[PDB]
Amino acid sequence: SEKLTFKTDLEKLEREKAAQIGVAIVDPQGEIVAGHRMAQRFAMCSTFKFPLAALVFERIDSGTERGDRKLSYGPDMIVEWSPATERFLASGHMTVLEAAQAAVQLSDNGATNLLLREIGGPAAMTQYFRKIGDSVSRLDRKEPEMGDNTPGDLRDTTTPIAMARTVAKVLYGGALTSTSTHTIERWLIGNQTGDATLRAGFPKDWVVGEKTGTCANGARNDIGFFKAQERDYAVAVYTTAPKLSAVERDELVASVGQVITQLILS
């Protein structure tokens, strides 16, 4: 069967590429379409920045945050991979929207940390997960150390199913206004970091938006949505491949995308 080909192909990739592959695909109402290691814990890496943006938009939506509010910072705010933050340093600030846009589309760590500072840190980000029905996802640390991905550590982890359901909740389950849901979706579509990952393995006809992650011990992740045959899906892929090169990890997630494609199109 179609479902058996999905399973077998993912395992074939796990053995050949020395990898753990976590996959969850849900429909708009959170119901399971397909999975693999779906309740296994993986490090979030940068994938959480998409939910971070949801939290921010919910505060804008409610009137408890302002999109053009200036977030001030000095050089101490700069950490590894902070390309937007470095550029705006001289000027002395980024706005709420600037920083969230940097976080989502460039995976900018400094901009993520700037927002976390403003919204109440890892604990607030975690309670946002809980408030929207995710009892699994947890942010414990700031970037970049939240991506240490230490053996056995439960900090800064999710599961594929918990994150796919969170994605469905943010985009299709009314957690945000229509205008805020639309902005986040465009940002996810215009993401600058995911060209060689999941969307590389989806057909060119699919509308896909996603948020990547890369962190220690060969973590390569991608979460988001696709519209296929005019149906909407939420997908979360988490993988660990410590033996693989940079490029091969990308190709691994994109290969998972092709396995997904065949299951969906069948």
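In case it trips you up, residue 1 is the first one in the sequence shown, and so on.
S.K.: Check the entry's C-alpha temperature factors for 60-68 and 220-228, then say which stretch has the higher mean.
M.R.: The stretch with the larger mean CA B-factor is 60-68.
S.K.: Look over 157-165 and 174-182 in the entry and identify the one with the greater average Cα temperature factor.
M.R.: Mean B over CA atoms: larger for 174-182.
S.K.: Which of these has the highest Cα B-factor in the record: 188, 99, 125, 78?
M.R.: Checking the PDB record, the top C-alpha B-factor among 188, 99, 125, 78 is at 78.
S.K.: When the modelled residues of the chain are sorted by Cα temperature factor, does residue 136 land in the lowest, middle or highest third?
M.R.: Answer is middle: the recorded C-alpha B-factor places it there.
S.K.: Comparing against every modelled residue in the chain, figure out the third that the C-alpha B-factor of residue 30 lands in (lowest, middle or highest).
M.R.: Its C-alpha B-factor, which the entry lists for residue 30, ranks in the highest third among residues of this chain.
S.K.: What third of the chain does residue 24 rank in for C-alpha temperature factor, lowest, middle or highest?
M.R.: It belongs to the lowest third of the chain when residues are ordered by C-alpha B-factor.
S.K.: Which third, lowest, middle or highest, does the C-alpha temperature factor of residue 50 belong to within its own chain?
M.R.: Answer is middle: the recorded C-alpha B-factor places it there.
S.K.: Would you please rank residue 151 by its C-alpha temperature factor against the other modelled residues of its chain and give the third it falls in: lowest, middle or highest?
M.R.: Ranked within chain, residue 151 CA B lands in the highest tercile.
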